[PDB]
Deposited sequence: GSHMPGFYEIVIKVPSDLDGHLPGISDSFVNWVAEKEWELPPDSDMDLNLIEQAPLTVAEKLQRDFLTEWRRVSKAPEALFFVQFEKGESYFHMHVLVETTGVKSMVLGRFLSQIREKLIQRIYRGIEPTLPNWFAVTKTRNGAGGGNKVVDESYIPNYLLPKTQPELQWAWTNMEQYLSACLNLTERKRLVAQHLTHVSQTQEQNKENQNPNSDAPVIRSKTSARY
């Protein structure tokens, strides 16, 4: 059966001097000059995708999942990562399956992952961003797969910037708005029909938990 996911919201630096003051020139070159292009199957508008924060965001997600895999001992663990342009900050919603990391040790593991990112990406610089590495709480919150079509998939540009997944049902949806639209409607249709079945059900122990 499909597992539960932890959510880690990571704020992404989108302004060099204000968020990463004194960061090395090689970081500066990397972020300033790296080009992005949408895949052939994408229907998104590249003109709305901020590439420099995207460049950092890609490495953050990349390095997080590497460290998550090590720490969880789950090499092909399921994830859905979505890069957003929020009201105040660019941020990533990192959904990763709970497998291998019991809730009790999640926080300690995340701190280990947090220091790795600081060391590997920001060269020791603590980024000047408020609460930039936070796990969603209620204790540690566990969402099921439904969080993706409910809250992440319906996002459009420019709020939606980019997305990564190893989850096979969301591959084409990552950078295709039409596919996202289809999956949201499909999920909501299933939810609606599930609601209807509940009302119409005449079987014993129909006691709402």
## Note on the structure
Residues of the deposited sequence that never got C-alpha coordinates are 1 to 2, 141 to 146, 218 to 227
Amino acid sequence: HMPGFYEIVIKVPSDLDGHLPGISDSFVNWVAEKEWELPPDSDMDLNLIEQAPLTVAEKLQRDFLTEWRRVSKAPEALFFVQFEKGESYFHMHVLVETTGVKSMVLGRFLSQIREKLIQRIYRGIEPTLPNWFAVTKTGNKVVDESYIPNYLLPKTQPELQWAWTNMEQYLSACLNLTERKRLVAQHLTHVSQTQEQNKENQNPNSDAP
From here on, numbers count along this sequence of modelled residues.
#### Entry: Mean C-alpha B-factor comparison - 140 to 148 and 61 to 69, higher one
140 to 148
### Stretch with the higher entry mean CA B-factor, where the candidates are 30 to 38 and 180 to 188
180 to 188
#### Entry: Cα B factor band for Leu117 (lowest, middle or highest third within the chain)
middle
### Task
Sort the modelled residues of this chain by their C-alpha B factor and say whether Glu50 lands in the lowest, middle or highest third.
lowest
### Query
Against its chain's modelled residues, does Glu168's Cα B factor rank lowest, middle or highest third?
highest
### Ranked against its chain, the third holding the CA B-factor of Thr194
middle
### Query
What third of its chain, lowest, middle or highest, does the C-alpha temperature factor of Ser103 fall into?
middle
